[PDB]
Amino acid sequence: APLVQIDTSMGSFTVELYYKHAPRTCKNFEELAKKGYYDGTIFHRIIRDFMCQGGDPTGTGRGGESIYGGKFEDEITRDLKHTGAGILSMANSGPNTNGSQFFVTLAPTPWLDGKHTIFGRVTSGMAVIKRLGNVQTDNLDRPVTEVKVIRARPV
Amino acid sequence: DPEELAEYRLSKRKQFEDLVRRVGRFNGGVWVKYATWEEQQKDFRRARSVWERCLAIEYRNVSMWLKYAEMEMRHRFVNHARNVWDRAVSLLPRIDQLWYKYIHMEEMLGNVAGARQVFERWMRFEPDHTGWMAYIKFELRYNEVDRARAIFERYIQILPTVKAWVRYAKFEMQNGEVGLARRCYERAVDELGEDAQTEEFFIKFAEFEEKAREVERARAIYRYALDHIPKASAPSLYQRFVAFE
Amino acid sequence: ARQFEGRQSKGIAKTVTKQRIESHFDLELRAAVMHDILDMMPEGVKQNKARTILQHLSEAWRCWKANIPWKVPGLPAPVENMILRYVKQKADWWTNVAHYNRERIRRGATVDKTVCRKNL
Amino acid sequence: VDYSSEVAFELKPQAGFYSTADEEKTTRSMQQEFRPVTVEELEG
Amino acid sequence: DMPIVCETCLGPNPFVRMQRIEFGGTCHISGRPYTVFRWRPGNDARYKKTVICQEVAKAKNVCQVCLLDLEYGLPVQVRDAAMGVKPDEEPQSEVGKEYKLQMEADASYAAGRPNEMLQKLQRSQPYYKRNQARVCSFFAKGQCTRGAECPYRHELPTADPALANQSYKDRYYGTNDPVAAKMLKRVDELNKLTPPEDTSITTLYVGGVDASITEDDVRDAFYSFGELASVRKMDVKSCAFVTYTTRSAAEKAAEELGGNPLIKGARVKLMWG
Amino acid sequence: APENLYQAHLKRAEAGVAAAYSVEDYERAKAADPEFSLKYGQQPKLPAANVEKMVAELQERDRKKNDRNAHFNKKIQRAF
Amino acid sequence: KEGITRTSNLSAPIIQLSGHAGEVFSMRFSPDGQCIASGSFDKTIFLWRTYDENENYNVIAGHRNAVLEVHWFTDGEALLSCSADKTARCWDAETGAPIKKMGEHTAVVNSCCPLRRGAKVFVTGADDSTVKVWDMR
Amino acid sequence: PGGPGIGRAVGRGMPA
Amino acid sequence: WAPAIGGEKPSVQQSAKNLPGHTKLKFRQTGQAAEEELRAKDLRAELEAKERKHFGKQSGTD
Amino acid sequence: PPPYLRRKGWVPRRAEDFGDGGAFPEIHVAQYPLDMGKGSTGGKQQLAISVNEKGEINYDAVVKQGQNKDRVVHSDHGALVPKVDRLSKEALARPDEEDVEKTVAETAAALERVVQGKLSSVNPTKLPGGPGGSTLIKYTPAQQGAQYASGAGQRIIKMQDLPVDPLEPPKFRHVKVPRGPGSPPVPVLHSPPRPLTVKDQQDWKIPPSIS
Amino acid sequence: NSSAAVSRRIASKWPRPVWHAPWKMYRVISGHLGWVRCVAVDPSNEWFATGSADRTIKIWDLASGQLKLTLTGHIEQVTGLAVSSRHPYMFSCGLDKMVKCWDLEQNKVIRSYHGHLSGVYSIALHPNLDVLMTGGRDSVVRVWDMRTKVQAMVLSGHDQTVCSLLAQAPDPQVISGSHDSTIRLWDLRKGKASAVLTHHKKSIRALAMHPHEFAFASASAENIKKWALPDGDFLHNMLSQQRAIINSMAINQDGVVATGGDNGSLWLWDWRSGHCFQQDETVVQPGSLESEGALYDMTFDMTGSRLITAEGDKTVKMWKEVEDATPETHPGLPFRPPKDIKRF
Amino acid sequence: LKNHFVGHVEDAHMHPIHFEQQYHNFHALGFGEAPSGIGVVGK
RNA sequence: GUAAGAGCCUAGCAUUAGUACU
Ligand SMILES: [Zn+2]
Ligand SMILES: [Zn+2]
């Protein structure tokens, strides 16, 4: 279901939420945007050429809650393949362990196809993602200038 | 040009490094020569390092920031120049001329959104009347009179002055709005309130309502002035009232 | 250690010994005048006339020593007063050193061979 | 020292908000150029 | 606190006795006094010591001992070539090098996709034979009395005579490093599949193809580099014909796929058909 | 004087906007670009000519522009 | 900050006890829970307080090899130490004196356990494949 | 007879 | 025109003036203006006392 | 660009094909929006902007770098502004004597660390001696494969300090460098320039000195 | 907020000046043969030491002003003096690059702190550690072990002479002001500035701590600023400008701030409101130049009731409160709140 | 996120017999115990 | 006449790493 919005301290960009190939994950992102969950919520893990992880409210990166109360299962397909930048996928700690944490990809990451459930792509504001991947990060890939998600909500 | 060049360059660079380890820190002048020479050699990695070593000695010299950013501008290194400007304007936010030349570089590239963002940062450091006036003239230059009006709002709040208000009202009477110029004089006396009692404020009220052909308004203005103004201040206002009559 | 590490000839502090006493005085004196100069100048005055103020201080010291009254026609009174106060500082120092070395010369206390000439 | 293999005591410009990859490429191209220049033209 | 070492230069033993000589040497690059580590990788080994500073080690992701890269174990050239990165800017001078160091004190190799080139040109099992005694210089001259007892290899030096003069600074920086030169000339030949004197032969032979690779799978392989004229299977030979319409496309297909690419796992060879 | 060279900086500002750019130039650059924010840092879409304009502009400025004892006195007759 | 429900009276929720000079092979809490008996490889027994300083107020020595296992006696004032020097030893805790040293085993006295209800009796099993029961008096 | 013991507050180190 | 700025194995050259000496500090005891002793008193009483004593017993008159 | 589940057979080739970027997981060719993902990403990542709830951008990252990351750097105008909130005796209140005692103790400990380093390390009559005992470490490599350490995972390293000869003279000669640039500069948070009259330009004209 | 907004807040809420009795100068002491440059009061409050350009340190009776003792050991001017509160020690620095520990039970120099490359300008004793801090023309604060004479630390970063120094037990344990116009607040454990304060336009020749508040004052030729600690938050400028280079600043427990000008002015300000209740000019002793009139040091005695000033006419001058004054007979210079709207 | 540079260096404490015994079961014999506690190493 | 240095030829101090093929 279409057009969730992230507006961050670096900018604002908007992602569609894929309905068919992954309904559980998309409903999760929809509703969590709706409830005010992805507010504050700094992009904690930014790796150039790789991804922009976000979604953990605690800022630790260790766990972000879901609408089902905990983990849920992937929706990997032979259809949904991490092929370029801007692909929005969920971050899991292995098979069938998704939380809330997501990552926008900045590059083609084949080596995640089969492990990380895609559910969308950045429809508007790829400039923000390009600028956001090149931000200064520390030895832990943590942005040295906090990149807050000042507000996330569907549109 | 080949390998005879390169060794003349070795010789002159060793000359520069010798002069610079001797005289570099204690008396300026030298890094400008070193950096302009390396710019002549079209070596900009080397010249940027020379400018960075100047600024590592003394960053509070506006002349050096200017020469650095101009080297970078005149060779179309425009993001490099922006970065030099960002640093110069971050570190010496009270040199107006840094801000001017950053704004000018941005509008020469037809980047008026970037020029305007530099104007916003500058207004945050609260410049003089000339800074706010340059911002207003900037927004006029691109025929953006709603933006220039919002800057005038902010301007007369930040520096609450008769100069701010009479300049606001002159802007309006140029702009096409005469009930708004009247509005801005009225608002100057209410908001400014006290300390709007002064000569040139009432002289300007008189001249406005005069070129508005509301001469009864203007008579009320001249009187209410002489009433409120200390008649020590009255000679000029009163001779100008004679000039009205 | 000097053989195997090399001489540490690098920014270790030199004492102010009898042979450096007068030259270090003038170092310190000029540095002091330079302090004052930089603080006395108004905010937008080109801070490079300090070298000519230091030359005026050298001149005023030679004029003190020779008993010559000086009056530079266009010297700011602040700069001139600074020069007079530091020439008087040097004059006090030099006269007190002369008093001291005269008492040593009179006693017979050990003085250098040049101290006798300098004191005369 | 060799002041044409290396940049003497190189102080690289510090990173800013603007990406200077392209500027660096242009500088290298300029360095690559070898137009004839007299000593007077190079010293000014 | 621990050397930064190639895990070949620690030998087979999971247990390492290593001597820690703090201030035991000068870095062979930064000329800096540093903490040396010395150890015997294994029982057939000699005692190897670290050759460079710990920092100067972890700058270029190289072992403190062999000065080879840490991920792939190939000289700093071969890795810099496949990394495509600029020549070393780092100052060769030691006044310059120490100034760069004292700067970087007071205030790119881990985030790359594994380069197939380096992976293709690396050793599968560890070169433990690099951790072994030098050659007995008295056995060379025929004058070794130590017999089989010699702790030094009782063989003769069998080495390229332009090699055996390698420079530390050059193997660390990447300039005229004869070993990586030999290696890149090797890959230059292997990247040199002979385009024959016949200009019009527009077909490439694909041999050694295991049977689970189908003709449209090899078509998916070769369509990228140009138009195919016809692809022809024959699993009897486990081989294939592929003709294109333009020579330069078959040239592309030789040049990219000459250094033994693997289609869906099968180690397959290419030839000019 | 900073006021003198300030009206000369405004000389240069209005002159160069009259010399290098036009109103439909500006407004169609904008019409391509909705954000005229939070986009700071990312270089904006503008014609590659603009750059040399600045350069040429400033370069324009450029073409507008004993021994030591002689200078000394030449300061004093100047003053005295 | 972080205010997570302090359970005990200890100054901090994680306290490291240092002062030993060898492996620490066995430890024991006093029955009244305000003492620590730590037996190290250094053939020595540290006595720590569980609260308010964690002060090792006594180091009892007297074994010639690693004190492998320590329990307290049911009242907490007498200690049973078992070692590798073939000698199990009863000590008085408050005092710093050894009470009764029995060394009947032929090899390292690995394990011991004193009886918790009844008399002052403890079992000790050592390397000789013999498990011996030991009454105090 | 205080012995050569100290107790100091320290976090527990973690390998990751 | 500009002084040298003085920013900061170790060298094993040992100066003669750097050999151990005066290796313990004197502290102010009870009786030498120690800090705990001086909170106890009113220093203004003693100052005005001493100043009055000086200023009268130099004037020589009651 | 065709919407969700409307893209079968429609493949992008150029930047302009993405609209405002993003890439398509349904498609199975590598896409490159905005030319992101072209080899290496460049050099020297840029500083980030920080924007408020309300949209006020922060450009401090220019000035808050290197050693300035750590310290108090006054960057804005509100640092220049008189603070009335803060002038009461109760607002300017020294820390708790307990915290000050902890600071005094920590500082004494660090300063005695340094002073004893300067005393001992630099003293050469300290007689050199025996071998710094073995310390074990467990070292887990970056690259562990069943061929490295012969199929073992980690390594225990016996780190044995070798004893230095007492007769070994100072081993390394000392090197000379110019001092580096220093910590990064800090904004000069001055009040507006006060205008030099031409008068006060002339009452600081210093005549040349004629000796 | 703004300069306008804050100016209106300031017109409404500025702390009013606390009435302070005027001070009068009651004693000149002649006898130094050069500019008196430093003062230091002994913690017992019964003698003070003054160092001079005549290279001596004189010990004076605080109640009679009597020369108790002259100490010669510096080769050049004595520029800084610090009497220890915890040790029977006096510390002097001088233009001779030398820092000396005087044993006041011997009246002799027992330790020397070697290492300044130029003349030393400032000195400070850590109040709780046995550590001293000196700054000089080499732009560096050298942190010394009092006992071992070892240079424990060098605080680097200033660019010109470190002219003023503060030492406290809380962090920042050293505050320096320099001729490079900045104030550095130092982290003494790390050897690093914890803050650099660039609000001054001229060189910071005087620092002073508030005796009781976590706040210090810095003084330039252009402003006296007041700063909150630990972080060096600018509190405000004094509500007037002594139009002088301020060489010395002392703060009282009543909050009398005394600032002493290079022109021999002495202004007394209300700490806490920033308002100067007194303005004096020095009289120079007979023979002096009126150019030779600066006020190089000032300290309050330990009670706060005496101010001892070290002057360039080579006198020590002593000031006491005219404390038989009442807010009616003696209000001094009267206060108008900062009613203006200005730019900051 | 790692400790050393090329891996994780962690302190260890054993009794000295164990380092030497394992170091020489592998060292001399070729085959010894993995120090991780996972089986044995080598041939 | 100092005595300084530049260079030329020939000119005995430090080092232990690195050497492959489907
Ligand atoms: Zn290795
Ligand atoms: Zn042999």
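The sequence lines fix the lettering, A, B, ..., with proteins before strands; numbering per chain opens at 1.
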Carboxylate-amine/guanidinium proximity below 4.0 Å for E:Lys100 and E:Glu104: yes
To the side chain of [X], which of [options] is closest?
{"X": "E:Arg267", "options": "M:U22, M:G18, M:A20", "value": "M:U22"}
{"X": "E:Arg186", "options": "M:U22, M:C21, M:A20", "value": "M:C21"}
{"X": "E:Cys66", "options": "M:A20, M:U22, M:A17", "value": "M:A17"}
{"X": "E:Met183", "options": "M:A20, M:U16, M:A17", "value": "M:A20"}

Atom [atom1] of [X] to atom [atom2] of [N]: distance rounded to whole Å?
{"X": "E:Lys169", "N": "M:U15", "atom1": "NZ", "atom2": "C1'", "result": "13 Å"}
{"X": "E:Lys49", "N": "M:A14", "atom1": "NZ", "atom2": "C1'", "result": "12 Å"}
{"X": "E:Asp160", "N": "M:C21", "atom1": "CG", "atom2": "P", "result": "15 Å"}
{"X": "E:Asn131", "N": "M:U19", "atom1": "CG", "atom2": "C1'", "result": "14 Å"}
{"X": "J:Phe172", "N": "M:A14", "atom1": "CZ", "atom2": "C1'", "result": "12 Å"}
{"X": "E:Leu67", "N": "M:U19", "atom1": "CG", "atom2": "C1'", "result": "14 Å"}
{"X": "E:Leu68", "N": "M:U19", "atom1": "CG", "atom2": "P", "result": "6 Å"}

Under 4.0 angstrom, heavy atoms only, what part of the nucleic acid is [X] near: base, sugar-phosphate, or nothing?
{"X": "E:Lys129", "result": "nothing"}
{"X": "E:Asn165", "result": "base"}
{"X": "E:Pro157", "result": "nothing"}

Geometric cation-pi criterion E:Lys60 and E:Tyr172, 6.0 Å radius, 45° cone: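 Flagged: E:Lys60 positioned over aromatic ring of E:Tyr172.
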Geometric class of the L:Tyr23/L:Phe19 ring pair [parallel <30°, tilted 30-60°, perpendicular >60°]: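 Judged by the thresholds at 30° and 60°, the geometry between L:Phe19 and L:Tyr23 is tilted.
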Geometric class of the J:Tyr139/L:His4 ring pair [parallel <30°, tilted 30-60°, perpendicular >60°]: perpendicular
Any donor-acceptor N/O pair under 3.5 Å between M:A17 base and E:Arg134 side chain: yes
